[PDB]
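Protein chains in written order, with the deposited numbering: chain D, 5 to 375; chain B, 5 to 375; chain C, 5 to 375; chain A, 5 to 375; chain E, 5 to 375. Backbone N, C-alpha and C fix where the C-beta goes; we use that ideal spot for every residue, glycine too.
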Amino acid sequence: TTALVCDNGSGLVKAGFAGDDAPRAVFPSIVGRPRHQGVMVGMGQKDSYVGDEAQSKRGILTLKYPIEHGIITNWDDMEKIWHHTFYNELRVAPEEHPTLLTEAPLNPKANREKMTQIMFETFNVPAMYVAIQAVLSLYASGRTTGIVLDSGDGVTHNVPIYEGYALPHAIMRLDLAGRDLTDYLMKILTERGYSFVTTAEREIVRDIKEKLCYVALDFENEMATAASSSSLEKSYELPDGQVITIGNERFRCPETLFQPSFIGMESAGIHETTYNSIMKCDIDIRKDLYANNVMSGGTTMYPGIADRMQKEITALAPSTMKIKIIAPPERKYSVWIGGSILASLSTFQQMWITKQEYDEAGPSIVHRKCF
Amino acid sequence: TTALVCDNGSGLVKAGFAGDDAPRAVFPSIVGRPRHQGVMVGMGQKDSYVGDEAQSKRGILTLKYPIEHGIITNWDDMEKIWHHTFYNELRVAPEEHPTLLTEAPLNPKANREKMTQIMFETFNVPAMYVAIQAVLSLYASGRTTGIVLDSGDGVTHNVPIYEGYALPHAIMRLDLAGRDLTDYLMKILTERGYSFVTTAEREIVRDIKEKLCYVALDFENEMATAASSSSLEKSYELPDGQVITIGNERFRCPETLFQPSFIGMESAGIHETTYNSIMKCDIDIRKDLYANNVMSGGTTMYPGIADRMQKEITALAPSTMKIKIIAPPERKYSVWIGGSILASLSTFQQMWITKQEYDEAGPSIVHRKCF
Amino acid sequence: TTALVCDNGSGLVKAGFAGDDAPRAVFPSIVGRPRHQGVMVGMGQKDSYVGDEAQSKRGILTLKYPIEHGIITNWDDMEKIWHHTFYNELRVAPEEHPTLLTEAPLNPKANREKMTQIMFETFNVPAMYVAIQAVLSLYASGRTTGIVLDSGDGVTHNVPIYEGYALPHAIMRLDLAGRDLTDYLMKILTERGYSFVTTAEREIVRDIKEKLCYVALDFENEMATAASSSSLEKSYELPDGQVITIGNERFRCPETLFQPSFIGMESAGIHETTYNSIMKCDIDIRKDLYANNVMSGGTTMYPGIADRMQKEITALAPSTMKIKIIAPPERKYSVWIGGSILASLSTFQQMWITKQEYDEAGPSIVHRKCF
Amino acid sequence: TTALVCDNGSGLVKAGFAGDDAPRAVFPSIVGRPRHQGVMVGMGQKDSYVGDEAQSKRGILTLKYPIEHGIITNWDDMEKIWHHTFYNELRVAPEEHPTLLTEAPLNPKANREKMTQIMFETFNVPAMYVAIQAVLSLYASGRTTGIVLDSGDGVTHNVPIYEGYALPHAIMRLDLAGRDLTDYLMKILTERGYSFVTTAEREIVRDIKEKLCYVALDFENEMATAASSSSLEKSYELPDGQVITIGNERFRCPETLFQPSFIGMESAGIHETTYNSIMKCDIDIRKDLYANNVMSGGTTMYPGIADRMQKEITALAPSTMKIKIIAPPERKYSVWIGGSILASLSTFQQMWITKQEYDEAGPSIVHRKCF
Amino acid sequence: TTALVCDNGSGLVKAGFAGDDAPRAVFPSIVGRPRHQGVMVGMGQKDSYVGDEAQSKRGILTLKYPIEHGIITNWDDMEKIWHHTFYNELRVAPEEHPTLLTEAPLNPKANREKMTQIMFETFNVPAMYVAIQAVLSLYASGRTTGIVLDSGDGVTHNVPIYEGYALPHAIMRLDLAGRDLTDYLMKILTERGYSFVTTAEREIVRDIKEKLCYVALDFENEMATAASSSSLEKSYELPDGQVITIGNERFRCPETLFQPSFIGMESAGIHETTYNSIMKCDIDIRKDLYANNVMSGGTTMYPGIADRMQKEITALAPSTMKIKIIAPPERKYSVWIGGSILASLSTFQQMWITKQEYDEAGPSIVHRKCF
Ligand SMILES: Nc1ncnc2c1ncn2[C@@H]1O[C@H](COP(=O)(O)OP(=O)(O)O)[C@@H](O)[C@H]1O
Ligand SMILES: Nc1ncnc2c1ncn2[C@@H]1O[C@H](COP(=O)(O)OP(=O)(O)O)[C@@H](O)[C@H]1O
Ligand SMILES: Nc1ncnc2c1ncn2[C@@H]1O[C@H](COP(=O)(O)OP(=O)(O)O)[C@@H](O)[C@H]1O
Ligand SMILES: Nc1ncnc2c1ncn2[C@@H]1O[C@H](COP(=O)(O)OP(=O)(O)O)[C@@H](O)[C@H]1O
Ligand SMILES: Nc1ncnc2c1ncn2[C@@H]1O[C@H](COP(=O)(O)OP(=O)(O)O)[C@@H](O)[C@H]1O
Ligand SMILES: [Mg+2]
Ligand SMILES: [Mg+2]
Ligand SMILES: [Mg+2]
Ligand SMILES: [Mg+2]
Ligand SMILES: [Mg+2]
């Protein structure tokens, strides 16, 4: 029977079947619960809402993310999300479908242990596997060597792979992603008089960030241009009909990716993280890591980030080297595409973790069979 | 046995059976007592008259309203009204009928406490329930979301409800209703030489207000038209055969709904009250509160008030929003219709307050079982 | 010449001279305008009243606050307040006195821009400066490290400072303060039959809140004690001689500081806000933030709030940590005391913004010279 | 030239010059016409008699009052009264004197319209003004705040004024005054066998009421004292030499001021009218309305009415309030004294309605320039 | 005058006087700079902090090590460290004290060239000398023959010396020391959910490594024991009061000394490095190198490393040989003790490099006078 590929990110869930080109079900990973007083009896009122139903009714709901910084904090809500993506969205029975799941590098065991235990004793599958998202992003690119930067909603990580061999000592993880940018835009939108304090308007600020923000090639020149004339200002329409206008905040929000000290973090930018991941490898592969910078995730979808990354890496690298950033138009779903490519391979069918080996070894085989 | 739905307003009492379309008994909530000297012996003279009997004999009676601004001030007269509406009008025994009663928001406890105590120890019912009139007005409209303005004889209140969930912090109450408009018309009818000073002629002024008054779309243009030509003047016939004529007072009387400073009140108009109730809610529901303005009560029955409300709310709201005022022709009795819909539901039968729970918990369960 | 320190809160104005211990002029920030019809000619009738004159004549006035939630909404009224506090209360000429002003964190630019423009082109000063109120509250405490919670009439904010260095990413702002508590007490005083609907009786409800309210150590035990016996009931005398009595409402009103869901807000309490501000900082300073909780403002003057805050923070913090709440008896004016300490320092005289730099740079230097 | 102050009451006319302490001409407002057959030729027989000439010849005249309940019913007789008070009593030419006139509150327009038209086209004045009698009664008292009860021959009205600002929604008008008391004494004087049926003996009954009537402090104790012993009986001498004796009727006649049901009226007493006028105002001014009860008019000249009013208002008001009734010895003419004070003010000279503005605006400016 | 002995390691600085038993000043070699925004004026704020002052204030500082892998990378910070250890800690004038300094083998010239230039033109000394740390570690042991392994914070080196004659072709240098172990513990502490990402918490991880880590005698048996029962788990208290618990990571961290492939290095362990250094010497001295294995440095202070080293060397050496590891309790400071012994010898006073020879030969005599 067809295998299931489910990418469980911190903000979005992308589930579908192996062998397909696009994920069938893409929905936000939120659980909404009522916060006001119900006065009308009956009419099918539910105590919880999952996915697009929580987003459509978000004016009377408190929204919670079960995953924070790539780590599942609430397990009942995560089970609700998995039940919704198995029975309501994909409309399949999980007892007859192997499931491929994704996970961020440098994570604790207990996330993967409880993931395997929930997938084998609650939504009991014939087989399961946990894969690294950067290896799938390199699978979707069609190449073998390269350094992958995957930035999503909680985790931004750099993983270099040369000729199918990964270097785990150069894998870097940074807890700066799109939710931090949404919080920073929430903070700096009060600088013009716009107040967004609750969880429902966090989605509005996230929509503003998705539609109107961009990465500047030169930061100081863009701030000088924004201070000189009002040519970079853009208008947005609120759901209640109000119109807001933003200026430099279109490029100050993603600049925290390159300058984390805007939100008080001591770490370096993503360009310096990529460069330090390259020079922590062997020297004879660094050239092949310079021409194969693969970018994946929804956070890498700003329309100025590839040229800016090429500029900073060329400023850091020696001048005799070719820097080439790979930014495909479908890099928002490249982890799922790589998972669908990997699950359809004939050489992958011996690497599943079946139910018999789970019963024989306990929930600890997942660290000796996966990476 | 069939449940009883009784709407006890400040000016009118509407009682009937659950499952019906119209209330069976609609009569004014007045108690009349003689004020002159009786000279003929016997002939069935009573010390008090309740309802239409007090209205027909009002020339020799002092009329008192037991409810003022939604609060019951006289309890013996209110017991007389309840006895009249149980034994004389509805012609039922209250020991075998559950009773549903209505109440205004932001009221004291002691009204509801003594209401439950009188209904359980004097007209002892198998069950009773107290409901919010705006929820019943939304029940009669057939919809789930909307902001309800209910204006009657004592209380004008705004309650917003989104998807069956009410927002109690945006509930607004204003003590300006039809009795204040009757008093203002009583005051400004002396400006043409007509003197109405007693309680019997207050009913005549109320009849003049019901038949001849209307809400102007533009106030200053209508005053200019009334000062220019005598085309807005209307004639009324008094019970003694006198004929009076009124001009601008047809639209100056309900203008106190939009300008309370005519009677010396510092509060804003009903349109500003509705707009401030909408913007005190969550933003993502405000659009659904803009297209579902539900109007209920006898005070909203002037033939100019819906267009005027749409004009003022569209002037207050942003221009990209759709304002739609819901004014059904049967909105004078919509609270009773919603009560009859609610009492006939199969999911409501577990929300009654029976006599056993009243004996177990005392007369204080009515604040933990009702809203 | 002596510098002027003026704290412009949302409800109160505290103005005086630098180097003093107490503010010279403390008066409410209200502008009153007549709403009735004047019938006596002459006798010095004014079109507006500012300060204590508006409070003494409040029975015939509509009172407006120029500042709402720390943001100046009306600028002519704010200019009237500044003219009253410069020429009538302090009795000084502003052309020969530098002025120090206070402002809430996370505010828009345009408040500070128009503040500098009004202070330099209408009440033209030799120099001016805008300071953060939490830094002044830490100045008045005499210490260097600590986390300051300042709660006034519009803004409740948490700012942590370690060894003179502030952490702006942990600064939290919540729009729940004493005016919201006054409105909630206005709402729940109708539950006993007391109606306060106008702006003049809002001051009466504020006086009731100032004299009779207190913070409960345990909320459920206090509600059980109030429901059991009438030992917590207190009586208050209205200006017209009426006597009211309140029970649980003495501690239900400030409980909105710890449970904002009483007024429909999704935010957490002030204790959780302080704890989340502490854990958003660096770890090695958190111990010094646990023993130096500094409380300032008039909203922190309830006689139960320090012990309750210590209890909730000790419940949130690990058990090996020392929690100490700093609540001095003069914390109602600690912002002014810190401003007077800062303006008298010899190292502060190079940080003024003079008129020449204002003319050279325009009204935009105030964001590069102040914080 | 000196302005004219003319108080046109329902029973008396008080005319004089501005700046004086007492009115120059005080005469009854009656027009007498012959009713018998004249038999002697010539000797200067007139078809009408106005003022004291009609009172001295009242045995052969029918006397008519042109003003009934503060409203002018006969305009030719009112023009005769104005001609008599301009040319015969004051002995002035009205073409060179501005005239100040008084009027009761809650009156029709057409009284004031025809008053202005007659004063500008028949007794054509350079300027004219119409003022409220209660504002003049507060002017004569020398104070600014207070609630004025003015009771004369047709109208008893309560007007509260705080700090020069009047509250028109608390202005109360009652059509019970000295002519109703004269009619009630005329009715109850037949209970001892004395018949007064014509208009000439109405003046005799009015004289009996002025000389012999008084207000009882306790009504039931005084009726018990009158029924026990004949110590309250007083004797009066008729113009034909007959001697009458009255007992309880000395205090039963003004008791209709406190109990209108003696003459079949449903309204409350003057004390309840004053108390309801006080509590219909703002709360913060009610204390200043409790210590400044100003009494004016000839009906308030009974020698028991101030103590009785203090007793009933103290019984109605809460016990922590100071009730003080202001009853000056010259309160019979206080409206004229206040008019003379107002017409002599230098700030009043811009509030006259001149002949040019009357020609420009028609006879309708008097409602936009006066109150 | 007394000579100064200053051991400048990669992590610690140990300075003192010749002829003493213990170093007077031991402090970390860190320079801290502020990273947040200063808001309080004056109060002695410094732009840099050196030594224990940077460690005590590390929550608001970025900490930098001037020496990396035994090579000085930042020279201004190294001059700051030398100024702090000359003027603030030792409290001496460097113009009257000769200074003895230490250096790692197989280092570049330019470190020693700039060291001599800074010591002669900035902190100008009468004389200076640079010595090999292993020769000083053999001086402190009191013996003449032996092979010294010195492992500190950046450099782990093996130097064999027989009868006072060193063999430079058998000197081995490996860039694996305590900072690499701290980084590996930082990496593997995320495996249990503990995140340490900044430079301040690197000191916390270093403290955890110093207090809780140990070297296992048999690695696989210890991993089996840790996987079987929780008897090797230890708890540590964070500065913010949090309690962490570690299991196998107590012995996985120093196992990188024996298995460098844990951090991706191709080199052999320290036991194989020592054995290959022994067999690269002459055969007739190897016996004297087998019984005189001298261990020095802070990295050799784990409480399992001597027995493990004896086990691995006895497994590598032939069975007829006596293996004896010399691990004195004061081997953390043995380089300074040997420097103090060498600087107090009467035969060493002719081997100083004075200022005259520095002026005559330039800064290149230090490679022909030292080793
Ligand atoms: N067009 C866009 N521009 C900027 N950011 C985007 C865009 N689309 C999505 N994002 C951001 O990407 C984040 C999630 O991306 P993705 O990696 O696909 O999901 P997840 O992180 O759940 O795996 C969201 O937080 C969103 O803010
Ligand atoms: N056609 C009408 N036009 C204007 N006002 C009306 C009309 N019909 C009724 N009213 C007013 O509505 C008030 C009562 O309305 P309703 O809400 O039905 O009763 P209650 O207030 O007792 O619940 C009365 O005071 C009356 O003046
Ligand atoms: N004793 C008190 N108890 C409770 N609240 C108080 C007390 N005194 C003042 N307040 C509240 O403090 C608020 C203003 O405090 P403060 O911060 O000094 O002024 P501002 O907010 O204008 O800076 C007022 O709204 C008032 O309700
Ligand atoms: N001493 C008195 N005692 C009682 N009533 C009096 C007395 N003097 C005058 N009145 C009454 O006052 C009435 C008129 O008073 P006043 O207000 O001065 O005149 P007007 O009503 O015409 O303005 C008369 O009807 C008269 O009966
Ligand atoms: N008790 C201990 N256990 C394990 N490691 C230690 C201990 N004490 C110190 N260290 C390590 O030794 C290193 C420095 O040792 P040392 O050689 O004395 O200083 P330097 O390397 O600066 O010359 C530090 O990185 C520290 O982690
Ligand atoms: Mg992802
Ligand atoms: Mg109703
Ligand atoms: Mg303040
Ligand atoms: Mg009068
Ligand atoms: Mg060393």
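Item: Flag this pair as yes or no: are the beta carbons of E167 (chain A) and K68 (chain C) separated by less than 8 Å?; Value: no
Item: What three-state label does DSSP hand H161 (chain C) in the structure shown?; Value: strand
Item: CB of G20 (chain B) to nearest heavy atom of ligand 7: below 7 Å?; Value: no
Item: If you run the structure through DSSP and keep just helix, strand and coil, what is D154 (chain E)?; Value: strand
Item: Smallest Cα separation from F266 (chain D): which of D:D184, D:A231, D:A58 and D:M283?; Value: D:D184
Item: Please report the straight-line C-alpha distance between residue 4 (chain D) and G273 (chain B), rounded to a whole angstrom.; Value: Coverage of chain D is limited to positions 5 through 375, which leaves residue 4 (chain D) absent and any answer about it impossible.
Item: Please check if any C-beta of chain A sits within less than 8 Å of the C-beta of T77 (chain B).; Value: no
Item: Is it true that the CB of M82 (chain E) sits closer than 8 Å to the CB of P70 (chain E)?; Value: yes
Item: What residue range is occupied by the uninterrupted beta strand (DSSP E) comprising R183 (chain E)?; Value: Taken as a continuous stretch (DSSP letters only), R183 (chain E) belongs to no beta strand (DSSP E), being part of the alpha helix (DSSP H) at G182 to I192.
Item: Got a sec: does ligand 8 put a non-hydrogen atom nearer than 7 Å to the Cβ of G156 (chain C)?; Value: yes
Item: Starting from the N-terminal side, write out each stretch of the alpha helix (DSSP H) that is 4 residues or longer and does not extend beyond the stretch 76-102 of chain C.; Value: 79-87
Item: What residue ranges within the stretch 13-71 of chain C form continuous beta strand (DSSP E) runs of no fewer than 3 residues, ordered along the chain?; Value: 16-21, 29-32, 35-38 and 65-68
Item: So what does DSSP say about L104 (chain A), is it helix, strand or coil?; Value: strand
Item: For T120 (chain C), which residues of its own chain have a beta-carbon under 6 Å away from its beta-carbon, when the five flanking residues on both sides are left out?; Value: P367 and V370
Item: Is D211 (chain D) near ligand 2, with its Cβ less than 7 Å from a heavy atom?; Value: no
Item: Taking C-beta pairs closer than 8 Å, name the residues in chain C that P38 (chain E) reaches, listed in chain order.; Value: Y169
Item: Count Cβ pairs between the stretch 323-333 of chain B and the stretch 350-363 of chain D that sit closer than 8 Å; are there 3 or more?; Value: no
Item: Taking the continuous beta strand (DSSP E) assigned at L178 (chain B), which residues delimit it?; Value: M176 to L178
Item: Which of the three DSSP states, helix, strand or coil, is assigned to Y133 (chain A)?; Value: strand
Item: With 16 other CB atoms within 10 Å as the buried threshold, where does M299 (chain A) fall?; Value: buried
Item: So, is the C-beta of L8 (chain A) closer than 8 Å to a C-beta in chain C?; Value: no
Item: Quick test of the definition: if touching needs 3 or more C-beta pairs under 8 Å, does the stretch 328-346 of chain D touch the stretch 306-319 of chain D?; Value: yes
Item: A138 (chain C) to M227 (chain D), Cα distance in whole Å?; Value: 30 Å
Item: Going by beta carbon distance, what residues of the same chain come within less than 8 Å of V96 (chain C), once the five residues before and after it are set aside?; Value: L8 and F90
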